[PDB]
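Residue numbers (the deposited numbering), protein chains in the order written: chain A, 1 to 302; chain A', 1 to 302. A prime marks a further copy of an entry chain. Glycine included, each C-beta is placed from N, C-alpha and C at the ideal position.
Protein chains: 2
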Amino acid sequence: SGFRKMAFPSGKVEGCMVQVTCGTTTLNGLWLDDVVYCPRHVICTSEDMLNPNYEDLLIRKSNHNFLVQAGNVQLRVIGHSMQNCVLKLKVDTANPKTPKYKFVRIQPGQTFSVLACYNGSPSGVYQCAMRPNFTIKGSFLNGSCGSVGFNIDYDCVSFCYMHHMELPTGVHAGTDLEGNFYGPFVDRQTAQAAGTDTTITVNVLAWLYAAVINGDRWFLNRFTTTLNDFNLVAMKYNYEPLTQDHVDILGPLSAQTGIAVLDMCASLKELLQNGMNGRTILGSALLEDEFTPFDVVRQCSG
Amino acid sequence: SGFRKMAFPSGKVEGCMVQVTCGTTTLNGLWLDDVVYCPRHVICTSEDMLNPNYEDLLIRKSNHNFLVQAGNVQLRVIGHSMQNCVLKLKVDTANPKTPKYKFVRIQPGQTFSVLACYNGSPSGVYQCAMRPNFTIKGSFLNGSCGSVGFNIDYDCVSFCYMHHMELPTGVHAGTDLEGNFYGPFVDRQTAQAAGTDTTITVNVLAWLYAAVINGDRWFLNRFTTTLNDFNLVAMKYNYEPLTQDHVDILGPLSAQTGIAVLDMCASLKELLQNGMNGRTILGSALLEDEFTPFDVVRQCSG
Ligand SMILES: O=C(Cc1cccnc1)N(Cc1cccc(Cl)c1)c1ccc(-c2cn[nH]c2)cc1
Ligand SMILES: O=C(Cc1cccnc1)N(Cc1cccc(Cl)c1)c1ccc(-c2cn[nH]c2)cc1
C-alpha cells in the first residue's frame, strides 16, 4: 500500500530527447523516426518574441541553420516545415530508439508525465494534470522549452504535451505534438489570461477512494446527497459540475470499496463546507485533484 | 520557475530491473555487471516468513532453483551467496546496459528516486526521503519487493535503497545494496516498531527558500531568533535540532536570496506556533520536509 504522485518510467522518452539550436537560441526537441519536433520560437531572437512573424522568420532560414544534436551525434537536416506552433525538422537518420508512439490531444482533467530537459539532456520527471483552464502547474526554467509530456499504455508512448512558455502568472502552457496550443494561448511574449481554474471534481473523488483503500476513512460520513444538489455545492466552491459519465468512471472504485459514488459525494460536500479542521488525507492538508480514476486503479493494483 | 517533487530520469535503472523467482515466490532484482541483487526473503514460503532460518533455507537451494528473467532473456545462475539480507546471484552474462554505478548508504534526511516494479517490469517513479526513523513513505504493493532507490550524479547512478517490507503501520522499510537494513528492522514477519518520526528541519528551511525564490513570500517576517531558542521551539514540535552544519549547507540559498538563515528560522518558528491559517506555500497546506538543500539548488538552476 501507500499512495504517491507517480510518474511513468522515463527511459523510452529519454532516448528521444535532442538539442536544437537556431542561431543563438537553444532548446529541446523530440526525435521520432526521422523527424525532430520542437517549438517554433527556437527561430526567434529575444527581441523577436514580442511580435514575431513566424513565416517571415522561417523564410530567412535554411536546413543548415538548424543544429540538431543527439548527445554528441550531430543530425543532418534534410527538410523543414512549420505545423501550427511546432517545427518539423526532417533528418537523415531514423532514431534507433524510437519507441512505439502516438500523438494524442488529451482532455482537461487527464494527467501525464513530464520529462523536464535542458540542452537536450533530461533533468527530471514528474506527474501533472491539464487543468480545466488548459494551463499546467509544473517546473520549467529557461531552456526547458520543448520538454514533453506523455502517458505510457502497454508498450506505447502517447505524447500529449510540448512545453512552450511560462505565463507571467508563473504557470505553464504549451501545445500538443501537432503544435496546437492547449487553451487560448499564442506564442508571442504578450500578457495573456488563463481563465478561472476550477477543481477537477471527478479526480478528487477518485483520490478519496484511494484514501479509503489505504486506511484513511475519517471523512466517511452517515449522509448522502444528489447529483444536482452536490453540483450546487460544487459551483459555490469552483468545482467542475459532476455528471453521470464521471459517476460511471468511478464505478470500479465504488465496487471495490463498496461505497456508492453519491455517498462519497456527500463526504466531499462536508469537506468543502467545513474544511479539514487540521487533519490530513493521504498525507495532504488539501483536497487533491491531480489523480484520475485510472491513476488510482493503476496504482492500487500494480 | 515552479517547484515540484521531481524524480531522477529512470532509464539507466530501467535497464537493470529483472525478475527473480524461487519456487512459488517472485520479486524484482537488480542486474549489474554479472551479479543480480535481490531480497533474500525470495527464498521463503509464505509460512516461512514468521520465523525463517535463512541459512537453513538457502542450504536447501542450488543455482538452478533461481529463475532469473530479464524481459524474456533467461539468465543462467553460476553462483549464489547471502550478504546480510540480500542474495547475490552470480550469472553468466554481464548486463550490457549496466550504467556506471555505486552502492552508497545514505543518511536520514537525504532523498532519492524510487522505481516501483512488479514482475521485473517498471511501474512508475517517485521521489522520497529516508525519514529520521529510517522508514520511508512510499507506494509498494506485494511483488514490489526489490524495487530500488537511487540518485544520479553526473553520469553515475548511486543506488541507496532496496525495498523489503511494509510495516503494519503502512510505511516501508528496506536495506542498502549490501543488505543492511536502514533502521532496527529485521526481515521476519513480526510486528516491529518504527520510532518517533521527527521532521527534517534543514529540509523545511530549504523548501522555504525555494518558496521565496518562486514568489511565495507571505511567511517572511520582521523577526529573527537564535539557534538555541529556535531549537527549543523545534523540540516542542518534534523537529530535528538545527546545527551549524545545517546552517552552512543553507549558505548558497541564503546568499542567492539575501535572507539570513536565522531570519528564515524565525519565519519557520512563527509558522510552527501559529499554523498556516488556511493559506498555502508552494501549493501545499503543510510544511514540506522532503526537499534537501541540494534538491532546491538542483531544481532552481536546471
Ligand atoms: O516563457 C518563455 C519561455 C520559458 C521560460 C521559462 C520557463 N518556461 C518557458 N518565453 C516568454 C514567452 C512569452 C509568451 C509566449 C511564449 Cl511562447 C513565450 C520566451 C520564449 C522564447 C524566448 C526566446 C529567446 N530567444 N529566442 C526566443 C524568450 C522567452
Ligand atoms: O511486507 C512484506 C512484503 C511487502 C508487501 C507489500 C508491500 N511491500 C512489501 N511481507 C511481510 C513482511 C513482514 C515483516 C518483514 C518483512 Cl521483510 C516482510 C512479506 C514478505 C515476503 C512474503 C513471502 C511470500 N512468499 N515468500 C515470502 C510475504 C510477506
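Is residue i close to ligand 1? I mean its beta-carbon at under 6 Å from any heavy atom of the ligand.
i      : result
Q189/A : yes
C145/A : yes
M6/A'  : no
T169/A : no
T21/A  : no
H41/A  : yes
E55/A  : no
Just reading off the alpha helix (DSSP H) that residue i is part of, what are its end residues?
i       : result
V296/A' : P293 to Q299
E270/A  : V261 to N274
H246/A  : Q244 to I249
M235/A' : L227 to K236
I43/A   : Neither: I43/A is in no alpha helix (DSSP H) and is coded neither H nor E.
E290/A' : Element bounds for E290/A': n/a, residue is neither H nor E.
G11/A   : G11 to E14
Answer yes or no: the CB of residue i versus the heavy atoms of ligand 2, is any distance below 6 Å?
i       : result
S46/A'  : yes
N84/A'  : no
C300/A  : no
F219/A' : no
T135/A' : no
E288/A  : no
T175/A' : no
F140/A' : yes
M162/A' : no
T26/A'  : no
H64/A'  : no
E166/A' : yes
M17/A'  : no
Over what stretch of residues does the beta strand (DSSP E) that includes residue i continue unbroken?
i       : result
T26/A'  : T25 to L32
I213/A  : Looking at the DSSP string, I213/A is not in any beta strand (DSSP E); the run it does join, the alpha helix (DSSP H), is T201 to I213.
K97/A'  : It is not in any beta strand (DSSP E) - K97/A' carries neither H nor E in the DSSP assignment.
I59/A'  : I59/A' -> not in any beta strand (DSSP E); alpha helix (DSSP H) instead, spanning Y54 to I59.
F112/A' : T111 to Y118
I152/A' : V148 to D153
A173/A  : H172 to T175
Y161/A  : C156 to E166
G79/A   : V77 to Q83
Specify the secondary structure class of residue i as computed by DSSP and reduced to three states.
i             : result
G302/A        : coil
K5/A'         : coil
residue 348/A : A question about residue 348/A goes unanswered here, because the residues of chain A that appear run from 1 up to 302.
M49/A'        : helix
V125/A        : strand
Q192/A        : coil
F181/A'       : strand
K102/A        : strand
residue 311/A : Missing from the structure shown is residue 311/A; chain A here goes from 1 to 302 and no further.
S284/A        : strand
Below 8 Å CB to CB, which residues in the same chain sit around residue i once its five sequence neighbours on both sides are set aside?
i       : result
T226/A' : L262
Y101/A  : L32, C156, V157, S158 and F159
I152/A  : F8, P9, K12, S113 and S158
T198/A' : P132, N133, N238, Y239 and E240
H246/A  : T201, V202 and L205
So who's on the other strand from residue i, going by DSSP bridges?
i      : result
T21/A' : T26/A' and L67/A'
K90/A  : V35/A and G79/A
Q74/A  : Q69/A
To which residues of the same chain is residue i closer than 7 Å at the C-beta, ignoring the five residues directly before and after it?
i              : result
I249/A'        : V202 and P293
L272/A         : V233 and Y237
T243/A'        : none
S254/A'        : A260 and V261
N231/A         : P241 and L242
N119/A'        : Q19, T26 and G143
residue 303/A' : Beyond the ends of chain A' as shown, which are 1 and 302, falls residue 303/A'; an answer cannot be given.
With a threshold of 6 Å on Cβ separation, who are the neighbours of residue i within its own chain once the five nearest residues in sequence on each side are excluded?
i      : result
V212/A : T257
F3/A'  : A210, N214 and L282
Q69/A' : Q19
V171/A : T135 and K137
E270/A : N221
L30/A' : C16, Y37 and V148
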